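Below is one structure, written out as structure tokens, with a few remarks after it.
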There are 6 protein chains.
Amino acid sequence: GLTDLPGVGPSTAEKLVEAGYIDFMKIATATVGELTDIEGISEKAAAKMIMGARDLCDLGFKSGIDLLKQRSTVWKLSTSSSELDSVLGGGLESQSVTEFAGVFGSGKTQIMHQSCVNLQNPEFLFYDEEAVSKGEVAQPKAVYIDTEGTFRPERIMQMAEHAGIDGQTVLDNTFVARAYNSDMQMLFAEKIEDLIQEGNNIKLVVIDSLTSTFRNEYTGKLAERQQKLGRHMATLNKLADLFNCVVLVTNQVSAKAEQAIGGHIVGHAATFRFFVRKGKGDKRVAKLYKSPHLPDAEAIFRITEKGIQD
Amino acid sequence: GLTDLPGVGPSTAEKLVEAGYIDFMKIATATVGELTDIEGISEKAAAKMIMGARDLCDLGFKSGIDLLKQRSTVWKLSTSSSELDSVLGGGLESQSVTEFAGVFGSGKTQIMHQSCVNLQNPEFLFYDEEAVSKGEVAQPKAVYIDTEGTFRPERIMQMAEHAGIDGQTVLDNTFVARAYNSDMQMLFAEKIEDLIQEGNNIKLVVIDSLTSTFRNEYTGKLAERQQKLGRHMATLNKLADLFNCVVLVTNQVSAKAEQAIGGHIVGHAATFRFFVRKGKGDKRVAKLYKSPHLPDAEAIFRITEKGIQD
Amino acid sequence: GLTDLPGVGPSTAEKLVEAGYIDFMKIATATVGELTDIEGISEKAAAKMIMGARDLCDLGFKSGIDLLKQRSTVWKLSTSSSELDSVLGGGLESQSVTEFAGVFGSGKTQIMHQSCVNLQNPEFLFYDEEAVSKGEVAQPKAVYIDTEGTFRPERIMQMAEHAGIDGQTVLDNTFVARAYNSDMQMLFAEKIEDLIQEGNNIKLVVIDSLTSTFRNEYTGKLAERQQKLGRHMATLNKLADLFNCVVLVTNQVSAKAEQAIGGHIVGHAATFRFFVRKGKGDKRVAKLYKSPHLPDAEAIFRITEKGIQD
Amino acid sequence: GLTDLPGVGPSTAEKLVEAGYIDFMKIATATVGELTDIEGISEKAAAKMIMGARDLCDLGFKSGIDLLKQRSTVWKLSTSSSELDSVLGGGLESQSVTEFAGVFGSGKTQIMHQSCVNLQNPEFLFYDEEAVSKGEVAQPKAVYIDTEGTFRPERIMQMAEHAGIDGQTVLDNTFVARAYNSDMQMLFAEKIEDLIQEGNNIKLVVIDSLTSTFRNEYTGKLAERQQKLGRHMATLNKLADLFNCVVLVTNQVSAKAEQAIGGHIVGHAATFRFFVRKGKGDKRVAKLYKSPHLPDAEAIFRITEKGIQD
Amino acid sequence: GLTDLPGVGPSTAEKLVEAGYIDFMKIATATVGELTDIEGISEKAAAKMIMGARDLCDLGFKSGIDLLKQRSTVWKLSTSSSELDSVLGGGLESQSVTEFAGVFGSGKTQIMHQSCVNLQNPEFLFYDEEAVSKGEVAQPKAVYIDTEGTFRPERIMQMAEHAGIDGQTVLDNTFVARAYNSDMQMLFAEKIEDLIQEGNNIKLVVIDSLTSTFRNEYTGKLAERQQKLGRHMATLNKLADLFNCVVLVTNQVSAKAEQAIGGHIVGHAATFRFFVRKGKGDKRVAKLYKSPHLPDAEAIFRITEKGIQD
Amino acid sequence: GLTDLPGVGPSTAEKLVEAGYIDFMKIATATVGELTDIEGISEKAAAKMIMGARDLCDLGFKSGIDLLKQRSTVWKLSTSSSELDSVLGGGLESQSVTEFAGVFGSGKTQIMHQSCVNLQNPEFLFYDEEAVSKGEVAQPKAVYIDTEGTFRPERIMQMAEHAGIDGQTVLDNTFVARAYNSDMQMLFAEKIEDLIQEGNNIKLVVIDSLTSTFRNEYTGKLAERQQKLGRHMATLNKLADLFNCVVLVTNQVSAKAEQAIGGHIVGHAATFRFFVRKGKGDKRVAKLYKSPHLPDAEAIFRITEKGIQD
Ligand SMILES: Nc1ncnc2c1ncn2[C@@H]1O[C@H](COP(=O)(O)OP(=O)(O)NP(=O)(O)O)[C@@H](O)[C@H]1O
Ligand SMILES: Nc1ncnc2c1ncn2[C@@H]1O[C@H](COP(=O)(O)OP(=O)(O)NP(=O)(O)O)[C@@H](O)[C@H]1O
Ligand SMILES: Nc1ncnc2c1ncn2[C@@H]1O[C@H](COP(=O)(O)OP(=O)(O)NP(=O)(O)O)[C@@H](O)[C@H]1O
Ligand SMILES: Nc1ncnc2c1ncn2[C@@H]1O[C@H](COP(=O)(O)OP(=O)(O)NP(=O)(O)O)[C@@H](O)[C@H]1O
Ligand SMILES: Nc1ncnc2c1ncn2[C@@H]1O[C@H](COP(=O)(O)OP(=O)(O)NP(=O)(O)O)[C@@H](O)[C@H]1O
Ligand SMILES: Nc1ncnc2c1ncn2[C@@H]1O[C@H](COP(=O)(O)OP(=O)(O)NP(=O)(O)O)[C@@H](O)[C@H]1O
Ligand SMILES: [Mg+2]
Ligand SMILES: [Mg+2]
């Protein structure tokens with residue numbers, strides 16, 4: 001527990017738990033100011049527990065085989081499409097933010113729904129059991145921050161039915177928050193940590209859409225928009241890392257051919273970026289154009305009554 | 001009333017009512033700047049009542065069966081065509097924007113007129129009584145923003161007569177605003193909230209046409225056009241959501257085969273999108289090509305002296 | 001006068017009159033940029049007089065019986081054919097653009113000439129005296145923009161003689177502008193407002209032909225053609241509305257059986273559309289295939305030495 | 001001269017003369033792009049001289065008696081047949097295109113030859129001396145674009161002899177260009193303006209045949225054919241108007257009873273259209289079936305060693 | 001040679017010669033597409049050499065005495081009948097297509113044979129030596145496209161013997177191609193240009209019969225027949241013009257009294273048309289019913305063991 | 001050893017080694033306060049050993065050929081791109097900080113990985129053996145401070161394989177420290193000196209990214225940000241100098257076209273600065289826009305499965 005930390009006694013631990021610092025990584029990655037803002041915690045005590053948490057979490061230089069072990073803590077979520085899983089190097093990655101931008105109706109929201117369904121199929125989580133334990137991915141839950149009102153429980157049921165999963169179980173293990181503007185959107189994202197503290201193993205976070213709120217609220221003001229968006233994406237990236245979570249976001253496009261909106265801050269902050277377009281009928285094509293370790297490539301798949309397939 | 005909100009006393013409530021914030025949802029979805037622009041309301045007070053309104057409206061994370069309850073607040077309006085109602089998954093949806101684009105004379109304006117008539121037939125509103133009360137849909141009124149001058153009261157009378165409804169009652173419960181340009185069009189849409197505040201249960205909003213004004217006003221300038229159009233569609237989407245209203249818009253087409261005009265912003269902002277074309281004689285075919293939860297499909301119907309039928 | 005408007009004093013009124021804004025409707029339907037382009041008029045002043053003009057002209061939401069009153073301001077011009085007047089729902093409508101397309105020699109130009117003659121017969125203007133005053137239709141004048149050189153004063157004289165009207169009076173009350181290309185055609189149409197300002201009660205505007213200039217000037221470039229054509233038709237529609245004028249246009253046809261030329265922009269912009277074809281001898285058949293409120297139908301008539309008859 | 005025009009100085013005038021714009025009407029009817037394609041002429045300067053030329057040529061709205069004056073600038077050429085001149089309302093009209101279609105051997109080419117002969121008989125040009133001056137029709141010359149090789153100087157001599165005219169004078173005042181295909185045909189027509197610039201008072205232009213080249217070159221491709229034909233007929237119509245010239249064209253026929261070939265574009269572009277058929281022996285019958293101001297009618301005449309007679 | 005042409009160097013000349021363009025007139029009358037279809041020749045280069053060839057061949061406007069010089073390049077072939085030569089205005093004309101239609105056994109094929117024999121008698125070619133040189137008509141050769149199998153060398157020998165000519169010389173200077181269907185017939189005609197390129201001075205081309213193949217191959221399909229026939233006759237007319245050749249064709253007749261078969265396209269394309277019928281015994285009567293410059297007239301002649309005589 | 005220094009005996013040397021001052025240069029460049037902060041070391045003793053270390057290290061005025069010898073101690077690391085090595089004047093320079101800024105996905109992180117691989121290929125270190133000994137660059141190790149989580153051992157393996165190097169050897173000789181915020185980032189950089197003291201020949205230091213942590217932590221506070229950033233870059237520059245190390249940093253960009261973020265302090269502190277942008281496909285372009293001795297220039301290269309190439 002928190003009292004394992006230097007300078008931290010039962011009293012200080014109570015103050016930390018109340019201020020939301022319940023595990024070591026959050027303390028190890030905190031700033032002294034951040035902790036001193038907690039009544040009762042001094043600069044000296046704050047600096048001492050941060051150093052102790054870094055030490056207990058072994059956050060130092062690593063080399064050799066240890067570098068491979070860190071990469072092995074990443075687990076991946078299947079998309080239900082073999083070509084898409086392949087272009088992704090296996091599946092959607094935990095500890096990163098993956099963005100699907102695309103023209104209207106291309107399937108961005110369908111992919112988000114399919115992901116909430118797939119999270120409830122144990123065989124769709126791919127991981128190295130020696131680096132990620134069965135308990136770490138047990139009873140996974142998803143958080144869907146819907147900023148457009150397009151969450152559709154009947155779609156969840158249909159995709160689950162076709163996947164052989166129970167639809168009600170997916171709805172029971174998915175938290176949906178409807179955000180009507182960028183302030184709500186950002187706050188819900190900041191509150192995911194509270195869901196985790198309440199015992200929910202959040203392993204998938206969806207922000208659909210990442211930018212439609214900001215784009216119609218900040219139309220001159222393009223700096224304050226970029227600033228707020230940057231804070232939001234830092235929160236997303238940090239939660240993906242600290243909670244070994246897959247974070248997926250959708251994005252719209254504008255002319256100039258098309259470019260995902262959101263400018264440089266969204267461009268730098270999204271770890272993986274895709275452009276999704278429609279093919280003939282129910283065919284879709286997802287083009288990976290940014291990733292840390294894979295070549296750009298395209299995946300053809302379909303969206304049908306069953307969800308994503310092929 | 002508004003004084004149920006934290007920090008809000010009779011004085012502040014008067015200022016809110018005067019500034020147009022009369023119900024909790026509008027306050028819960030406001031920005032601090034938006035409220036502080038009201039003389040007498042501070043940043044602190046503004047932030048406090050927004051949080052209180054969100055709390056009173058229970059705008060947090062939901063899961064399980066509660067996800068189904070939200071979807072059940074959606075009611076649908078019949079189109080008078082059984083095939084069209086079926087392709088729509090039941091009828092035109094409240095809380096969303098539905099767009100009918102199509103070549104000249106295909107029936108876009110006829111569908112808008114039929115919808116104003118159908119709103120006055122209680123049996124044509126389909127809803128789950130446990131989620132939507134009889135009082136919520138009682139004395140419904142329509143708003144028709146006519147940007148081309150094609151509203152025709154004699155057509156309203158004819159369609160009503162054939163539906164067994166009283167024509168004068170439809171005209172009495174339909175507000176029509178003739179907009180000669182995009183500025184008027186946008187302002188009328190922004191003023192619908194005032195009609196509601198005056199006691200009119202606005203449940204159907206029609207924008208016919210959504211784009212003919214913008215397309216001939218902005219011919220280079222294609223960015224300022226897209227910006228204004230985006231603000232207008234955000235206003236439409238928000239009013240559909242906050243007032244549990246069906247919002248219908250018509251759109252024109254251009255070569256490239258045909259594509260509805262308005263580009264990406266109209267494409268992303270319209271929840272449902274149809275392409276209407278003429279068949280032989282009075283036959284028409286409506287092709288649904290964008291929707292959140294339904295497969296693309298086509299509906300055949302007819303437009304006759306009776307209105308839409310089949 | 002213009003000083004009735006908020007913010008407008010004698011000085012500003014002079015600037016408005018000089019820039020061509022002489023009546024309230026034109027100001028009520030102007031854009032702030034449009035007015036600020038007048039040296040001396042600020043954005044603030046511009047926005048204030050537009051709002052004041054809208055208010056003085058009562059351009060807001062209307063419902064009930066008021067919806068019927070707006071429709072009653074429409075007056076109709078007889079075509080001299082009882083079957084054609086019937087298919088038209090009474091006659092050619094003011095505040096709309098009516099297009100007659102047809103194969104060569106079918107009578108498009110004859111109908112335009114007959115209309116200029118009929119305008120000078122008081123009994124051929126059909127209107128509701130409680131909505132349209134005798135003074136509003138008094139001393140009516142026609143404008144004929146001839147883009148092919150087919151205006152024929154001797155035909156005017158012959159048709160007038162057979163109608164019992166004085167031929168010279170028709171020529172005296174008809175302004176003809178010969179346009180040799182689309183630029184001239186468009187400019188003449190834009191200058192009709194100046195004729196009105198000079199005291200001419202323009203109540204009929206004829207564009208014969210609407211498209212023959214554009215079709216041979218833009219032969220690739222089919223986008224710039226559609227753009228120019230759209231601006232021209234917006235000017236026509238707006239003048240029909242603001243000046244309670246009947247606007248008639250003729251159009252040619254091409255193979256594919258036949259289709260009027262001009263594509264989607266002419267198709268959407270023409271309120272009423274007819275296809276005229278020749279029958280045996282002097283018999284003609286006009287097929288109405290687009291209108292806001294009438295079923296498609298055909299009218300048989302004849303073109304003789306007397307003009308249009310039957 | 002050209003420097004009378006606003007913005008045009010000696011330098012610009014030289015550039016205009018070199019680019020072929022030598023008189024005001026051609027400039028008044030030019031497009032800004034058309035003039036800016038002249039090295040040295042800017043968009044601003046181009047727009048300014050076009051407006052100035054329109055102003056100097058008084059190309060605005062006209063009404064009353066002025067409408068009669070425009071029609072009086074039309075002069076007519078006798079056909080040598082009293083019945084044909086009568087069906088034509090006086091003779092072949094300047095400022096228009098007149099088409100004679102007919103079965104083989106019906107006399108199309110004979111009429112073209114007779115017209116070149118008649119142009120050289122002063123009494124065969126009918127005009128209102130107060131609208132058309134003796135100098136305007138003095139030293140008239142004809143241009144005969146022969147696309148079949150049927151021009152026959154011996155026929156010219158024979159018809160001239162029988163008319164009391166000198167045959168050599170007709171040949172001296174007739175330019176013949178043999179076109180072997182539609183490209184040559186169109187280019188010769190475009191070059192008539194150069195003949196005029198060289199001091200030739202071209203008052204009659206004959207295209208015999210208008211369509212035999214296009215019909216065997218474009219046999220699928222029926223759109224490109226119609227496009228080229230349309231450009232050619234626009235050139236013909238514009239030269240008839242700008243140079244107060246009679247333009248005559250011949251056309252072939254096909255089964256379906258017979259119809260002149262060339263489709264809708266030739267049908268709309270020819271101002272007057274005749275069908276010529278053979279009667280018994282040297283008798284011929286010309287049926288007028290399209291004209292702006294005359295009833296359809298038939299003229300009987302004969303073709304003999306003397307040319308057209310009766 | 002071809003390098004005299006602008007843009008044409010030795011390389012391009014080789015490509016032209018290989019593609020069959022060996023003399024200037026063929027290039028002057030080519031289309032840009034036609035030349036660009038030659039690998040190595042660009043649109044720009046093609047347009048430039050066509051203009052250069054037209055210029056080198058002086059294909060512009062001509063007037064006065066020059067019009068007589070063009071007509072003087074026409075030479076005529078005697079028919080052996082003085083009355084027939086007289087009705088023809090001298091003899092069969094080069095640069096034109098002359099058709100002899102007639103009932104069975106009337107002598108159509110005999111006239112074709114006599115013409116091949118007469119071509120080998122220098123005194124039977126009538127020409128103006130100042131316009132046509134002795135070298136132009138030297139070593140003339142004939143091409144006989146026999147579509148019925150009726151070419152008879154023994155008839156050639158007999159007619160030659162009676163004319164005082166050597167029979168073998170006529171056979172040596174006559175190329176006969178037996179066509180079993182319209183495709184072969186048309187191709188042989190298209191290949192005459194190759195014979196000329198090989199050094200044969202082709203001055204007479206006979207198509208016997210022009211229509212018997214088409215009439216039994218296309219029996220509904222009367223449009224495709226007319227199209228193919230038109231292409232074939234354009235090829236014939238162009239070769240008559242470019243190679244200053246006499247082209248003769250025979251045609252059959254049907255009831256309706258009789259009419260030559262082939263419809264309007266053969267009727268327009270044949271420059272001269274005759275109807276041949278039998279008189280008593282070996283007497284024949286040829287009625288000229290279409291020609292550019294001669295009155296209709298009849299010639300009586302006989303067909304005997306000597307060939308055509310009288 | 002340290003006792004070679006004036007005033008320093010075994011006891012004082014122990015205190016120095018414990019406080020991290022193990023070699024003369026660090027002492028020669030220390031402040032008296034810095035050393036007196038070591039219990040047991042007086043101001044007098046501190047001043048005396050600093051002067052002695054400066055003397056033993058010969059840190060005085062130099063001129064003539066000695067100026068060239070100092071510059072010769074700089075060694076350079078190949079980038080694997082010949083154009084990039086050329087724009088760099090040979091390769092990445094030791095004793096300096098080189099910054100690669102660029103839009104998302106441009107290859108900043110790929111260049112950092114390639115550099116860690118290239119360090120393990122002896123032939124990729126370019127140096128003057130008379131100024132830099134084989135032992136000075138022997139067993140080189142890299143330190144990669146990853147502030148975004150984008151270090152990818154599989155990429156190291158792939159690039160090493162394609163370079164002919166052993167992948168495991170690169171991972172064994174590369175220390176990676178994951179920093180979640182600017183405090184960790186700065187501390188890891190300060191701790192590199194300890195790695196060196198432990199016997200690791202650190203010759204490459206990578207900070208990827210230099211600014212993404214600071215930019216989202218300090219959003220007003222732009223002074224404290226600039227101060228912390230300045231201290232961090234001084235630490236980087238000093239370690240590059242004292243340990244003859246190549247220091248590479250990556251940077252993000254913002255609109256204003258683009259500018260690397262970090263303001264004036266990063267701009268002054270980075271010795272070399274590049275802007276990297278994407279070309280077509282895998283092509284990249286690196287623009288050098290700041291350096292001490294080279295002209296601005298651009299290098300084109302590619303990023304493929306092999307790493308950086310061209
Ligand atoms: N139940 C279903 N059966 C078959 N196809 C479906 C179903 N539901 C949705 N679709 C398909 O999914 C498309 C809509 O996909 P969606 O993921 O919502 O697009 P989107 O990219 O998020 N568009 P938006 O947010 O406006 O930009 C539809 O138009 C249908 O083609
Ligand atoms: N009273 C009626 N009786 C029968 N059919 C009618 C009636 N009124 C309208 N229609 C039909 O409706 C068509 C016009 O439909 P409309 O809805 O106005 O087309 P639209 O798509 O809105 N065209 P537009 O806005 O120009 O693009 C007519 O041309 C008639 O076919
Ligand atoms: N004075 C007249 N007396 C009787 N009929 C007339 C008279 N004038 C014109 N017509 C008829 O009107 C026809 C021409 O009608 P018109 O209106 O000019 O056709 P149009 O459709 O405009 N053709 P165009 O513009 O080429 O496509 C003639 O060919 C005559 O049949
Ligand atoms: N010198 C003449 N004397 C008497 N009649 C003549 C003379 N020249 C020509 N004709 C008549 O004119 C007819 C030919 O007329 P022509 O004008 O060439 O017909 P066309 O319609 O142009 N035929 P085409 O172009 O094939 O379709 C002849 O067949 C003679 O009937
Ligand atoms: N050697 C000959 N001596 C005398 N008369 C001959 C001789 N050869 C042919 N004829 C005459 O020529 C007639 C046949 O002429 P011919 O030119 O073949 O007719 P055609 O019009 O071409 N018939 P066809 O092609 O069936 O329609 C015979 O029937 C004989 O009258
Ligand atoms: N294994 C690989 N094979 C081929 N190309 C690759 C591979 N790995 C990465 N890439 C390319 O490298 C790009 C990513 O380069 P990267 O160096 O991470 O960009 P970056 O500038 O650091 N972006 P960021 O930090 O967000 O601003 C990819 O999107 C691929 O184009
Ligand atoms: Mg209108
Ligand atoms: Mg010829």
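Residue numbering restarts at 1 for every chain, and letters A, B, ... go by the order of the sequence lines. We count ligands from 1, going down the list as the structure has it; atoms in each ligand are counted the same way.
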Nearest non-hydrogen contact to atom 28 (C) of ligand 1 from the set B:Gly267, B:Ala297, B:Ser291, B:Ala270 belongs to B:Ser291
In this structure, are over 12 heavy atoms from other groups packed under 6.0 Å from A:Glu161 atom CD?
no
Among all protein non-hydrogen atoms, which one is nearest to atom 3 (N) of ligand 2, and what is the separation to 0.1 Å?
B:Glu305 CA, 3.6 Å
Is B:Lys278 near ligand 2, meaning one of its heavy atoms is under 4.0 Å from it?
no
B:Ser106 near ligand 2 by a heavy-atom separation under 4.0 Å
yes
Is it the side chain (CB and beyond), the backbone, both or neither of B:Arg284 that lies under 4.0 Å from ligand 2, heavy atoms counted?
side chain
Electrostatic pair C:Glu190:C:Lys238 at N-O distance under 4.0 angstrom
no
Just let me know how A:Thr250 lines up against ligand 1, side chain, backbone, both or neither, with a heavy-atom cut-off below 4.0 Å.
neither
Region of B:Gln158 engaging ligand 2 - heavy atom pairs below 4.0 Å
side chain
The protein heavy atom nearest to atom 24 (P) of ligand 1 is A:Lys108 NZ, 3.8 Å
Please confirm whether the backbone N or O of B:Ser182 pairs with a side-chain atom of B:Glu217, one donor and one acceptor, at under 3.5 Å?
yes
Which N/O/S atom belongs to C:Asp241 and is the closest one to the Mg ion (ligand 7)?
OD1
Can you tell me which portion of C:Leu294 lies within the under-4.0 Å heavy-atom range of ligand 2? Options are side chain, backbone, both, or neither.
backbone
Can you confirm, on distance only, whether ligand 1 has an N/O atom lying under 3.5 Å from any N/O atom belonging to A:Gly107?
yes
What do we get for C:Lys290 next to ligand 2 when only non-hydrogen atoms under 4.0 Å count, side chain, backbone, both or neither?
both
Decide whether a cation-pi geometry holds between C:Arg273 and C:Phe275; the criteria are a distance under 6.0 Å from NZ or CZ to the six-membered ring centre and an angle within 45° of the ring axis.
no
Any side-chain donor-acceptor pair under 3.5 Å between B:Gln259 and B:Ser254?
yes
A:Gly105 N/O to ligand 1 N/O under 3.5 Å
yes
Please report the C-alpha distance between A:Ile156 and A:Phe151 in whole Å, then the side-chain angles of each, then the deciding distance to 0.1 Å, and finally whether the side-chain contact (heavy atoms from CB on, under 4.5 Å) criterion is met.
CA-CA 9 Å; A:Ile156 292 301; A:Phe151 180 74; 3.7 Å; yes
Run the numbers for me: atoms of ligand 1, each under 4.0 Å from some heavy atom of A:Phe104, listed by number.
23 (N), 27 (O)
Report yes or no: does B:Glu148 have a heavy atom closer than 4.0 Å to ligand 2?
yes
Given the options C:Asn237, C:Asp241, C:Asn244, C:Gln95 meets side chain to side chain donor-acceptor pair (under 3.5 Å) only with C:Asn244
Charged N-O contact under 4.0 Å between C:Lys26 and C:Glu193:
yes
Could you tell me whether B:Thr150 approaches ligand 2 through its side chain, its backbone, both or neither, with non-hydrogen atoms closer than 4.0 Å?
neither
Could you tell me whether C:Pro292 approaches ligand 2 through its side chain, its backbone, both or neither, with non-hydrogen atoms closer than 4.0 Å?
backbone
Mind checking whether B:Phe274 and B:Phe100 have parallel, tilted or perpendicular rings, split at 30° and 60°?
parallel
Among non-hydrogen protein atoms, atom 12 (O) of ligand 2 lies closest to B:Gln110 CG, 3.6 Å
Answer yes or no as to whether an N/O/S atom of C:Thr271 is found below 2.8 Å from the Mg ion (ligand 7).
no
How long is the gap from CG on B:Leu84 to CD1 on B:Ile308, to the nearest 0.5 Å?
8.5 Å
What atoms of ligand 2 come closer than 4.0 angstrom to any heavy atom of B:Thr109?
17 (O), 18 (O), 22 (O)
Would you say the side chain of A:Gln110 lies within less than 4.5 Å of the side chain of A:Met159, judging by non-hydrogen atoms?
yes
Among all protein heavy atoms, pick out the one at the shortest distance from atom 5 (N) of ligand 1; state its residue, atom name and that distance to 0.1 Å.
B:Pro295 CA, 3.7 Å
Counting non-hydrogen protein atoms only, what is the nearest one to atom 8 (N) of ligand 2? Give residue, atom name and distance.
C:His293 C, 3.2 Å
Please report the shortest heavy-atom distance between B:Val285 and B:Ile300, naming the atom on each side.
CG2-CG1, 4.3 Å
Taking 4.0 angstrom as the limit, do B:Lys283 and B:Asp310 come out as a salt bridge?
yes
